[PDB]
Structure formats: C-alpha cells, structure tokens
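FYI the Cβ positions are ideal-geometry reconstructions off the backbone, even for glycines, and counts take in every protein chain you see. The values are calculated or read from the model by the stated rules, or taken from the named source; none is laboratory data.
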Amino acid sequence: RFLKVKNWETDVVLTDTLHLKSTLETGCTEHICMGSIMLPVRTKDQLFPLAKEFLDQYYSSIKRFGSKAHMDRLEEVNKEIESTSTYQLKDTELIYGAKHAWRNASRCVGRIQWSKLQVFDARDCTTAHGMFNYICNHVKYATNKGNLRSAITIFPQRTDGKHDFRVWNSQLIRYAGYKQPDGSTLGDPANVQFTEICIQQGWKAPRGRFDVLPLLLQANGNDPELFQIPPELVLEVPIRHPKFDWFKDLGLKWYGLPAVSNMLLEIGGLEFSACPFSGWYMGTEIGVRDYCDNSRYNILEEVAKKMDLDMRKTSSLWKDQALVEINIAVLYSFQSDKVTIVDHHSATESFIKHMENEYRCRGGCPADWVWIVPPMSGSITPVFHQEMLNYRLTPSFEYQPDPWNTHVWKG
Amino acid sequence: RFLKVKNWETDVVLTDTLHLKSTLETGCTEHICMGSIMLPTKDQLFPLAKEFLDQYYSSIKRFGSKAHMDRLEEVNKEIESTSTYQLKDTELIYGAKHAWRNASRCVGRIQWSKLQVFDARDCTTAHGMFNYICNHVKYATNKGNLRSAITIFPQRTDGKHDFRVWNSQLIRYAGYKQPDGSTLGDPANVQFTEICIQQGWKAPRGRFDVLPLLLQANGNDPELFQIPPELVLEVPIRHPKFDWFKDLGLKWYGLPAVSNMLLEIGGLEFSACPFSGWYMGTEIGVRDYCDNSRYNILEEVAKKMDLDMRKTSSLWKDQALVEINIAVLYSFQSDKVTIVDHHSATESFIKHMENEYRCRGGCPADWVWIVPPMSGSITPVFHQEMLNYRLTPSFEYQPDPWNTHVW
Ligand code: HEM
Ligand code: HEM
Ligand SMILES: Cc1cc(N)nc(CCc2cccc([C@@H](N)Cc3cc(C)cc(N)n3)c2)c1
Ligand SMILES: Cc1cc(N)nc(CCc2cccc([C@@H](N)Cc3cc(C)cc(N)n3)c2)c1
Ligand SMILES: C[C@H](O)[C@H](O)[C@H]1CNc2nc(N)[nH]c(=O)c2N1
Ligand SMILES: C[C@H](O)[C@H](O)[C@H]1CNc2nc(N)[nH]c(=O)c2N1
Ligand SMILES: [Zn+2]
C-alpha cells in the first residue's frame, strides 16, 4: 500500500511505502489518536527474528543480501543465540545500527545529519570509572573547541536485566536545581530530583544558579558512583544581546553540548541501556524552552520588564516580544563565541529537504509533527505546513524509566 | 480503556472516559499516526437517531421516561414511514451546541453553550437563504460586540436536493492571478473567484474585494448575491508604535463565519449550516497575513522595520511576526470589535478542558490545531496532553460543491 502526504504551502505530495516495514505499535487506534501523549530480559523466542530482520537490513544496505557472508552471519548469530541466549554485534553492525536509530528518530528535526555520527564502542567497559573515562573522551571529542561533532558512546548491552549499564543523568551536561524552604527554586527546576539524589550520594553542592551536575554512573548493575566532569571540558556560553547592553547583566549562560544519556538503543533485538549521544543545539531549545517555560528558568517577566514592555495585558504580546529578543540573544552569543548552533528557520528548512530526499531514496521518513514544529513561530517555518506520518522503525532510541525507580540497591 | 492525560507544566493528570463513547474513526492505526494529516438508508439511520435521542433525554434528566420512550417510538415510526425524520426545535438546538462542543480542533469551546441557533429549515429558495444569511451576519456582528450564531438550512433528503453555501466562509476577499504572474488579493480564493466571475460577478479587481455569496437551494444551480456592504464590518490595521504601518493598506473583516461544513445530528445531515464566532488574533496576523501562500507580508514589514534580512538567524521574520500580530489586536480593540489573543484563548481552553473532564469525563482535542501558530510553548496548551477522538453530533468537512454539481 501507498500513503500520501501533502505540503499545504507548496502542494508537493509524497508517497510513503516505508511504513510497511514498521512493526512496533504507535499508541493510536482507529478510535483514538495519542499523537500528543508524551510517553505513549528477552527470550531466544523473539530474539532470532529480531536479529534476522536487522541483519537482513544491514546486508541489504551493503549490497550483499543473500551472499555467503550474509548467510554465514545469520548462521553464526543463530548458534550464538541458541547456546549463549544472546549475541554480539560486529563493529560494522553496531555503527550501522546506531546511525539508523538516529535516522529513525521521528521526533528529531536534525536528521539531515544522521550519516555523520562518530560511534564510540565502549562495549569493553566494566566499571563506573571506566564509564567516566569514556564519557570525558566523548565530551571532549564532541565539543571540539566549539566546532561541535555528533557522537554516541555505546556501553555493554543488557544481559539479564540485573547487570545494566546506566547513566543516571538525563543529559551528560545539565545544571543543578535546588528547592528552597520558601518554595522557590534556585537553578534549573527540571533537575531538582536528580540534584537531591546527587547530594544524597555525597556531591558537595555549590548551590548557585548554573552548577554543572556531577555524573552518576552505574556499571554492571552495581550501585552508581559520582564523578565531576573536568570543568575545562565543559564549554559554556555567556548570553548577551546584540543591541541590549543590559542583557548580559541578567547573568545567563548555557552549555554548548546537548547530550542525551537516559535513552535505550535497540539494535536487532539487543538493548543498550547506556548510550549517550550528542549533537548541537537548535536555538529555541535554550531560548524558548530552557529559559522561558514557566517550569524552567522562567525569565520572560524579568526580560520584558527591562525592555519596558506594557505588561498589564497579555494582548500587548509582551511575552511574545521578549521571547524573540531572548532567542536572538542565544543565537548571537553562540555565533560570537564560535559554538555551533542552528536557528529554527534553517533547521526546519534542512529537515524538509532531508524528508523529501528520504521519501525518494528510502520510500519514507517517519516524523512526529508535535515535536518537529518549533515551540515559537510555528507556521512561519516550513514544517508546520507539512503533513507527516509517524510510525516506529527499528533500530530505535526508546525512553526508559528513571533508574532510581527500578534500581536494586546493593548498599 | 480508561486513559490519563498529563499537563507537563502543572503535573495535573486528568482521566478520560468519554472516548469510550466515540463512534467515528480517526485515520490512525496501531502502526501509523495520522495526527498531522489535514483530511484523514433506514437501517443505519435508526441506530443514529436512538444514540442521539438517548443522549438528549439523558441531558434533560429524563432518560428512560415515558416521554423518552414515546419520542423513540415516534421517530422510529417516522423513519419506517418516511425514510427520514425531523428534529424538534429543542433537539436541533441541543444538537448544534454539541457539534461545537465536540469540535476537537476548536480552541474557543468554553463558549459552546452560548450559541444562538437560527432555524432556517423552512427556507426553500436561494433568495430565502440570502435573507437568512444577512440576518445572521447582522445578528452575529452586533456592531462589533460579536455573538456566536449558526443558521441551519434544510437537511439532506435523497442527496440530489442539497442546500449548500458555495463560499468557504461568509466573508472572504477575492483573489486574482495577474498577467504579471503574481496574485492580487487573497491567493486562497482564486478558484472560487473564477467561479464567481464565470457565474456573472463583476469583480472590482482590488486587493480586498468582499466576495459575493453563491447560494444553492434544494439542489438547484447556485445563484449570486452581494452581502449589503453596510453589514460587513471591516477593520483598518494600524500599529500603536509604528506610524508607517497604516501605509501598508491592510484591513481584515470582523466576522469569522465558516460556511462549507456539514452538521450531522442524530444521523441527519445539514449540508448548509454557516456558523460564526469571533477571531483569535493569530488567525489573521499569523496565517492570513504571513503564510507564504496567503497575503505573505513579512518581507515588506521587515523592510519598513529596517531589520537585518541578510541571515535567518537575526530572527527578522519572528520580529516582524510579533509586530504584525500586535497591530491586529490593537486595531480590533481600538475599533471595539471583539477579538481574543492566543494567550487568553488558550488559558480559557485549559479551564474548559478541566470543566469537561470534571463534568463529562473528557474533552476531545486536536493538539496540532489547538496550539497557536506562533509562540506555541509559552501558551499552556503546548504542555497539555490531549486525546483526539470523534463524537457525534459533529461538524464535518465536505467536498467543494463545484466538483460535485451537475448543472
Ligand atoms: C546534529 C545536531 C542535532 C540537532 C539540531 C537536533 C535537533 C533535535 C531537537 C530540537 C529535538 C527535540 C528535543 C527537545 O524538544 O527536547 C531532538 C530530539 C531527538 N533527537 Fe535530535 N538533533 C541533533 C542530533 C541528534 C543525534 C546525534 C541523535 C542521536 C544519535 C539525536 C536523536 C534524537 C532523539 C532520540 C530525540 C527525541 C528525544 C526525546 O524523545 O526526548 N539527535 N533533536
Ligand atoms: C467564539 C469564538 C471562537 C474562537 C476564538 C474560535 C477559535 C477557533 C480557532 C482558532 C480554530 C482554528 C481554525 C483555523 O486555524 O483556521 C477553530 C476551528 C474550528 N472551530 Fe472554533 N472558534 C470560535 C467559535 C466557533 C463556533 C461558534 C463554532 C461552531 C458553532 C466553531 C467550530 C469550529 C470548527 C468545526 C473548527 C475546525 C474548522 C476546520 O476544521 O476547518 N468555532 N475555532
Ligand atoms: C518524559 C520525557 C520523555 C522524553 N522522551 N523526553 C523528555 C525530555 C525531552 C528532552 C529534554 C532535554 C533534552 C532533550 C534532547 N533531545 C536535546 C538535544 C539532544 C541532541 C542530541 C541534540 C539537540 N539539538 N538537542 C530532550 C521527557
Ligand atoms: C482542507 C481543509 C480542511 C478543513 N477542515 N479546513 C480547512 C480550512 C481551515 C479554515 C480556513 C478558514 C477559516 C476557518 C475557520 N475555522 C476560522 C474561524 C471560525 C470561527 C467560527 C471562529 C474563529 N475564530 N475562526 C478554517 C481546509
Ligand atoms: C503534551 C505535549 O506532547 C508536550 O508538551 C510536547 C509537545 N511538543 C514538544 N516538542 C519538542 N520538540 N519537545 C517537547 O518537549 C515537546 N513537548
Ligand atoms: C500539515 C498540518 O496538519 C497543517 O499545516 C495544519 C497544522 N495545524 C493547524 N492548526 C490550525 N489551527 N489551523 C490550521 O490550518 C493548521 N494547519
Ligand atoms: Zn494518531
């Protein structure tokens, strides 16, 4: 079957056949759409089909489908599953798998970049100390003094579910949040619970507005351990505004490297529970969400005060006006310091070109509109007007529950 | 089967049970979400009538009463005899208000219960339709203090005698393609304008020409009528800080009035049912003015602001966008024509959602349409999970009649 998507601005129509390869479920049915719902130990049993399907894809991509090398590899994996109950990916397969999980990430606007991903194989890692070292090297390589390079580091896969490698931080680099006795929050309100765990584990909290959190690292199902990332490895950008000289005195800064560390990477039925990956920011992630969400740094009021906007009625659009100024400041600041960043116009335009290319060469591009459309200036970006089909392909990145909810403490 | 929706800003979790009463299909499956696609006989009719009357008599606390049973009986007899049936006035009013109540893409639903329903089921000609519509327009406009209304023409019979308003809204501006190659006026309305000209309309060929109505009665060929100019309230667009803004020559009309949809109540189909409320500012300022395929004015405004248009990263588009939207709200407010800003509308919808969950066990909502086309995440709807499902009575899209009309 064929499915059509139309762009309502250009009348361009595309035809999806890739959705036919989708196995995993969406959350939706014929009677309910769950498109705005944020969150909608395997047996050999299910494992060999998952392995086979993955290896068929891999061998197709390298133009060796049905070869002796292909057949031998299936055989080899089959026997390994039957006798050890799991199997090991070749380096080539791991790299291909990691690239494809990104390619398949329907909520990711940055996918034009998917084929340039540095894959760091950390499957020989055995301890939390070992994890720390790997992660420092990733941060340094990815940061590259401001000329950011995409990377992922892949720690050993799940075995029985009792020996998981996990990075407890949601992102490698994030600022602490402290709930005060008066109910106010100092620093990032999003990281309060994790900061408390760090403190509980013995972190000495400086208790400022922008304190880089320590890494909390679990190897082999053991209790996690604290490590401070070397500060000289943590590139940060002080935020200033090209015309508003008082903007610097708000005291804002952000880190340059966005690096997700709480997701689970699935390749050929294998589960990599610790697989931190990083790219570079789109300005709105910081300027719209991080700074302006009510539940985050929430700076809109202070910014609009300083601009002396009429704040007595929402219909003056003071929030909107201040929102634009903050986002200009972020882009200006990253640019002035030569730290890679992309604005939402350029990013969404690139995504549209990527998506059209994917339809032509691959037969589709699963995309989640709710996430792809930026959180400001929606309809002046080309993605707003683009129909999108959301479905789940493997390899994939999956959400997993926070480790402090599931971890069996050894003490 | 019982479903939670969470607000990620406030942590409020609501439980939806109303979706279980959903009847129509979504476009989605277990394998594919189509959340972003714009357009995804006697036997069938008695179930539809029963379902409706059951909810009606339930709503007036008379479920299972003799009056309930008697009406089921009466409607039942009428269908078997006549292959259709007629709504009581009370049922028509209830049905219309609920179609709006169930409109998952409408942010304005806190208002659903205050809808003036004009029963035009006695209308027989296109001249009658025209009279009904001017009365609706005058009533709704109310000298700028807008009031929600719907006018309901006779229901579908055998499908060859449909009442249809050919216009997509009661009030729209004409569009004309130039020898120049560009477009004068509203590019969205070019095809319809051609049909008007080809039906006989003498076009002024200006930038802001209110289109005539093209009214179809009883399946007959449609006819042209101009809405009295004095009933079409328009607003010149100025900016409270930029003196030059008015020089752009922009205006918009006060009355948003959708005329192309199909109202379905208890199996019955009202193919002509123009309805109207008042604008949310972004509809005009963001979509009408700034869509590339619409009036597309961002470039011109940004130049008058003398912004650095060299690189997308100066955010010149976003800057001019906010300003155009400030001008829309200011101009409507100054002329005392009802308008709502996206902040206030989305706040009211969150309150409405809470009421509906509390009072009805849910509220179907389409996040893709509810979240405003600018400043998404600074409105509370952005952080609000929504379940989208189809309830009846309902407003449905229907195909442009010129594609269907045999002359
Ligand atoms: C190259 C620069 C990149 C840019 C500009 C980019 C852009 C984005 C943005 C704006 C989001 C939404 C994030 C949010 O709203 O919090 C996102 C989500 C995502 N991105 Fe990308 N991205 C990039 C690289 C990557 C890389 C290298 C990977 C993995 C290898 C990746 C995988 C994802 C995944 C899995 C999500 C969804 C996250 C979630 O559900 O929380 N991204 N990206
Ligand atoms: C009271 C003032 C009202 C406001 C501020 C309001 C707000 C809106 C907005 C912003 C949209 C999105 C439309 C678009 O983006 O083009 C919408 C869609 C809708 N509204 Fe409301 N509305 C109001 C009154 C009504 C009334 C009185 C009805 C019916 C009686 C109604 C039924 C609908 C329907 C069916 C849609 C979707 C239209 C479509 O799918 O094309 N609206 N409304
Ligand atoms: C409940 C829940 C579920 C879910 N799936 N995600 C969340 C939080 C979403 C989130 C929060 C912070 C950073 C990012 C990165 N996606 C931010 C990021 C990462 C990369 C690699 C590049 C880039 N430009 N940006 C995503 C919450
Ligand atoms: C293909 C297609 C499908 C579909 N369902 N809708 C469209 C056009 C969408 C549209 C266009 C103009 C006006 C409105 C009114 N919905 C605008 C409106 C109406 C009312 C009553 C109040 C208000 N504030 N605003 C909606 C196209
Ligand atoms: C409830 C809703 O799905 C939630 O607020 C989503 C909406 N769209 C998003 N889009 C992006 N890119 N990131 C997000 O965190 C969200 N949050
Ligand atoms: C492709 C996408 O469905 C389309 O652009 C939608 C997105 N959201 C919308 N939301 C509203 N309110 N109105 C619209 O016309 C649209 N257009
Ligand atoms: Zn869906």
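Could you pull out the residue among A:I352, A:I328, A:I341 that is among the hydrophobic types (A, V, I, L, M, F, W, C) and farther than 24 Å from A:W246 by Cα? Explain how you work it out, then say what you get.
Details: A:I328 fails: farther than 24 Å from A:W246 by Cα; A:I341 fails: farther than 24 Å from A:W246 by Cα.
Selected residue: A:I352, the only one of A:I352, A:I328, A:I341 that is among the hydrophobic types (A, V, I, L, M, F, W, C) and farther than 24 Å from A:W246 by Cα.
Restricting to region B:146-176, count the residues that are part of a loop (DSSP other than H, G, I, E, B), away from ligand 6 (no atom under 16 Å from the Cβ) and not aromatic (F, W, Y).
Of region B:146-176, the ones part of a loop (DSSP other than H, G, I, E, B) are B:146-148, B:153-163, B:166-168, B:170-172, B:174.
Among the residues that remain, those that are also away from ligand 6 (no atom under 16 Å from the Cβ) are: B:146-148, B:153-163, B:166-167, B:170-171, B:174.
Next, only the ones that are not aromatic (F, W, Y) stay: B:146-148, B:154-162, B:167, B:170-171, B:174.
The qualifying residues number 16.
Filter region A:300-349 for residues that are under 30 Å from A:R111 (Cβ atoms) and more than 11 Å from chain B (Cβ to nearest Cβ); which is surrounded by the most Cβ atoms within 10 Å (Cβ to Cβ)?
Across region A:300-349, the extreme among qualifying residues is A:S333.
Let's see how each residue does on (1) crowded, with 23+ Cβ neighbours inside 10 Å; (2) small (G, A, S); (3) assigned by CATH to the domain that holds B:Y173; (4) closer than 27 Å to B:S375 by Cβ:
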{"residue": "B:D243", "(1), (2), (3), (4)": "no, no, no, yes"}
{"residue": "B:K246", "(1), (2), (3), (4)": "no, no, no, yes"}
{"residue": "B:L250", "(1), (2), (3), (4)": "yes, no, no, yes"}
{"residue": "B:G267", "(1), (2), (3), (4)": "no, yes, no, no"}
{"residue": "B:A272", "(1), (2), (3), (4)": "yes, yes, no, no"}
{"residue": "B:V286", "(1), (2), (3), (4)": "yes, no, no, yes"}
{"residue": "B:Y289", "(1), (2), (3), (4)": "yes, no, no, yes"}
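Condition test on B:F332, is it aromatic (F, W, Y), out of contact with any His (no Cβ under 7 Å at 6 or more places or on another chain) and over 28 Å from B:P274 (Cα atoms)?
So B:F332 does not fit the description; no.
Output the number of the condition that B:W367 fails; it satisfies all remaining conditions of (1) surrounded by 20 or more Cβ atoms within 10 Å (Cβ to Cβ); (2) away from ligand 7 (no atom under 16 Å from the Cβ).
(2)
Output the qualifying pairs, or none if there are none: Cβ atoms under 9 angstrom, residues six or more apart or on different chains, first residue in region B:7-29 and closer than 26 Å to B:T379 by Cβ, second residue surrounded by fewer than 16 Cβ atoms within 10 Å (Cβ to Cβ) and among the aliphatic types (A, V, I, L, M).
B:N7/B:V13; B:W8/A:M38; B:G27/B:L39
Those residues that are more than 16 Å from A:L50 (Cβ to Cβ) and basic (K, R), I need them from region A:65-78; list them, please.
A:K68
Taking A:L389 as meeting all but one of (1) facing chain B (nearest Cβ under 8 Å); (2) within 16 Å of ligand 1 (Cβ to nearest atom), write down the number of the exception.
Tallying (1) facing chain B (nearest Cβ under 8 Å); (2) within 16 Å of ligand 1 (Cβ to nearest atom), A:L389 fails exactly one: (2).
Within region B:221-232, count every residue that is out of contact with any strand residue (DSSP E or B) (no Cβ under 7 Å at 6 or more places or on another chain) and surrounded by 15 or more Cβ atoms within 10 Å (Cβ to Cβ).
The number of residues fulfilling the criteria is 1.
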